[PDB]
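In what follows, a single structure is set out as structure tokens and then discussed.
Residue numbering restarts at 1 for every chain, and letters A, B, ... go by the order of the sequence lines. In listed order, ligands and their atoms are each counted from 1.
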Number of protein chains: 2
Amino acid sequence: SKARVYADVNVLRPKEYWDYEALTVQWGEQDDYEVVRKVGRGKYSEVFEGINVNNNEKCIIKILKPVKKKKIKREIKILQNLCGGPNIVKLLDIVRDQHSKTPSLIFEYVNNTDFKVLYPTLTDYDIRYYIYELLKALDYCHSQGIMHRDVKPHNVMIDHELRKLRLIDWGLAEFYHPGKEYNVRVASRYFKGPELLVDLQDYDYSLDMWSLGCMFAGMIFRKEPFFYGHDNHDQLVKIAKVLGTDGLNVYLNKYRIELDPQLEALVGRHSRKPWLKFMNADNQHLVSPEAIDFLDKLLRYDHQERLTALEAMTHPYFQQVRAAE
Amino acid sequence: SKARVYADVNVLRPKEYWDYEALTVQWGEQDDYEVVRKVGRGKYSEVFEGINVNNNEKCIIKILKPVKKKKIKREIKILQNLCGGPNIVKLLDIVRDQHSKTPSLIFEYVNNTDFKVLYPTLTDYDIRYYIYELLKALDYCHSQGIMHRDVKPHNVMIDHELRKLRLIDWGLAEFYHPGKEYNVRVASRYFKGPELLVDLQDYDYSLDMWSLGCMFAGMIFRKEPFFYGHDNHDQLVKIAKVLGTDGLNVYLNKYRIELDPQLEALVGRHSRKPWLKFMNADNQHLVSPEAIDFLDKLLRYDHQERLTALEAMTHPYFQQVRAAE
Ligand SMILES: CSc1nc2c(Br)c(Br)c(Br)c(Br)c2[nH]1
Ligand SMILES: CSc1nc2c(Br)c(Br)c(Br)c(Br)c2[nH]1
């Protein structure tokens, strides 16, 4: 498999663009930034709102829990290539604890409103708008040869008042290389594309669209996560129970990929579930023919069938938002 | 039915934008333009290359065969609204024979190469490129609330050397009005969308995409016309024999449209014909998974399922052309 778009970005760019292991970090002053209050935390870092001692501007300090120098160079190089692009979290500085080497990435500040409390307030248009904004981030990084590999609400910071959105956490992000096999233990479970659940290692930008699709199904259907699987195997089961297994079968055959006997019998056989069957009084006003049509073109077993970010932005669903533009 | 996009363009614009009957033509000097040589001719006009006596710049003089003042105002008003837009034939002046009222529309000159001789020379990329260019014309007029209703090679002037393309002949063009029934005797037969063949009068911009789809199938498969039907009825037969009749059935049912018993039994029952079954040594190099995928998304019975012009431009098929941009 090869990405249907932006497949040669890296092959035509200077090696120093993608050769992240060959990055020599320019550490700044661990001082210019003061932690003001812990505002978040993944298992790969603790996050705090912070102040830039110099200009007093707010900032976000991401202190990294012991990371292999090679992975940090990846996240850093990726942040550097995408810095300036639409809705990409701006990396303002890299610093380190003098005494112990602990890295902290300094980013632009985003007065974010956690999704668990923001999404239920979102109007039909709001969702359309924000998803749209997220699509600019995605189409942009994809156009730079980068797979985020970790799309999800948690990684989409949103300032509702300013309507400013930023795709964050490029720690699981990777450069796309035509015909390269990648680890399928990326992205959060509930957003893991089928290809990740069936060890189809030669994936691409499309991985993200599925993630987005999951995030979108969650927002319109008000069901977060949309595919709540306790474990990777069960994750493929929550999917098959929605997309149907015959679709899965076609996917598996097209890419000559087998399934492990155990999971195989666990995913059993399920008929495709109409998207409208997820509709209820609570989300009826967010569901629409276009929302369904857009979502249907996102959640495709075949990563090759999924809408590319650029195509998603032109789907009529986004027409009103584009018109405001 | 209502267009999935640009549906409210006219409803939000000043009435003088679409009220073409209320146009008061500003006739110029029938003199400034001299016919140099007949270069074309439809049944609604004779076309000649011409010279602008003033600046000596070449021009195209379209002398209209007796037209109802109401239709001329339509073509003229439409040409005026779209003048300046991407690849839209530029209307430079409207004049009239003093002695007899015969109208002549003066347009920009295009050193065109008839398609019957140009297309066979076109490379894979050339086709992609030109179709792309045509899509800008289409997405633009559609975004102004106008249905061309007559897309076809004959109406796409092309200067291969300059790679300049213009969508011409807006004589069958009309303003789009949400929920309005239009005459289905528009566009040339071989490019008539199914909706035109089954009297689905509430069509929209999508009509054009089918036309384009036909033109595209002709160019990649080297089969002009692609759907060669001797008459409107037989036109729906050449289609059903390709898209299959069950698809047709779904279309007919969704829009509660019956078929006339006569044609009904004439279209009989046919299975869908894989697009790749139109491939042969002569067009093999122009056919590709993306070309097929793009075409498949154009030739849909359901005008609502067809790619909108804006969506077609973002289809991976056009990726290389967009990259050159
Ligand atoms: C889970 S709470 C949280 N808020 C964040 C903001 Br605002 C930014 Br900007 C960045 Br970078 C990260 Br990482 C964040 N993590
Ligand atoms: C069929 S030959 C022909 N060539 C044309 C050119 Br060049 C232009 Br510009 C326009 Br407007 C029209 Br109508 C044309 N008709």
Applying the ring-ring contact (aromatic ring centres under 6.0 Å, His included) test to B:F175, which of B:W18, B:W170, B:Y17 qualifies?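 For B:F175, the ring-ring contact (aromatic ring centres under 6.0 Å, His included) test succeeds with only one of B:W18, B:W170, B:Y17, which is B:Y17.
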Does a side-chain heavy-atom distance below 4.5 Å link B:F107 with B:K90? no
Flag the pair A:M147 / A:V186 as yes when at least one side-chain heavy-atom distance between them is below 4.5 Å, and no otherwise. no
Sequence neighbours excluded, which residues qualify as salt bridge (charged side-chain N to carboxylate O under 4.0 Å, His left out) partners of B:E46? B:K38, B:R41
Within 45° cone and under 6.0 Å: B:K71 NZ/CZ vs B:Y44 ring: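 The answer is yes; both the distance and angle limits are met.
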If you count only heavy atoms, which residues are under 4.0 Å from ligand 1?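 Shell around ligand 1 (4.0 Å, heavy atoms): A:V39, A:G40, A:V47, A:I60, A:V89, A:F107, A:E108, A:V110, A:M157, A:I168.
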Between A:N81 and A:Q144, does the side chain to side chain donor-acceptor pair (under 3.5 Å) criterion hold? Intermediate values first, please. CA-CA 8 Å; A:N81 290 313; A:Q144 298 307 289; over 6 Å; no
